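Everything below concerns the one structure shown next.
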Amino acid sequence: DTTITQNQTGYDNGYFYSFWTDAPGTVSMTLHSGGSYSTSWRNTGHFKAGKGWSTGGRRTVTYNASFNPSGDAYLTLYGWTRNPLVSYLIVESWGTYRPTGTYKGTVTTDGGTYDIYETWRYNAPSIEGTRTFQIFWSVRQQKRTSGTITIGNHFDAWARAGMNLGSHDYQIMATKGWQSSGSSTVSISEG
């Protein structure tokens, strides 16, 4: 198993992966068989790590995870588009804080109900560099750490609320963290 500690993307065991942190050395990602990876972090800054696909789309994905944050972290299907430049999160679980934004509606899919939010980030890292851009969110009303995400149901609900996506870049089932410590193991596949 390859352990990753420096910012990079690539492919492992048939799947795209991405690892990023602004606090190198405080977080690692371990790449396991197929669509599986783990993370470990201690007194970190920001990080995001996951496996998935280099080009996102309306795929139906199934995941199983162990998610053990001590502080602020998300377990989330995470991706980006350009033209328009948008980052999006379907948040399945979280640590001390449940993420919110400007309320835009709800979507009921895959046995749960999600609040839909939009936020703006100003002068922040993006796939295109330091930019200002929208974030689209679906945040589950109750935490869960395994199941199926019918991504197209989220994209369509966002579109009904005027939240429009562009051409897809990557799409990963991610562990994201801000400060504190923790660990995760996440196993992702399409279908």
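Placing dummy labels 7 Å off each Cα toward the beta-carbon, the span from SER33 to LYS143 is 2.9 nm. When both region 48-85 and region 117-191 are represented by their alpha-carbon centers, they are found 6 Å apart. The HN-Hα couplings worked out from phi for region 176-191 by the Karplus form 6.51 cos²θ - 1.76 cosθ + 1.60 (θ = phi - 60°) are 10, x, 9, 6, 6, 9, x, 8, 8, 10, 9, 10, 10, 7, 8, x Hz, whole numbers, x standing for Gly and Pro.
Using the empirical formula 2.2 N^0.38 Å as the baseline, the Cα radius of gyration of region 147-189 reaches a ratio of 1.54. Write down Rg/Rh for region 82-191, rounded to two decimals, with Rg from the C-alpha atoms and Rh from the Kirkwood relation over Cα pairs. Across region 82-191, the Cα-based Rg/Rh ratio is 0.94. Calculate the FRET efficiency for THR100 and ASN68 from the Cβ-Cβ distance with a Förster distance of 22 Å, rounded to the nearest 0.05. For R0 = 22 Å, the calculated efficiency reads 0.45. Close amide H pairs (under 5 Å, H built 1.01 Å from N) link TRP94 with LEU75, residues at least 5 positions away or on another chain. So how tilted is helix 151-160 from the main axis of the chain? Cα-based, degrees 0 to 90, rounded to 10. In the chain, helix 151-160 runs at an angle near 40 degrees to the longest axis.
If the chain linking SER180 and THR119 were pulled fully straight, counting 0.36 nm for each residue of separation and taking away their Cα-Cα distance, it would gain 19.6 nm. Across region 2-190, the volume of the C-alpha convex hull divided among the residues equals 100 Å³ per residue.
No Cβ is skipped: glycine too gets one built from the backbone with ideal geometry, and neighbour counts run over all protein chains shown. Here, each number is a calculation from the coordinates, and none is a lab measurement.
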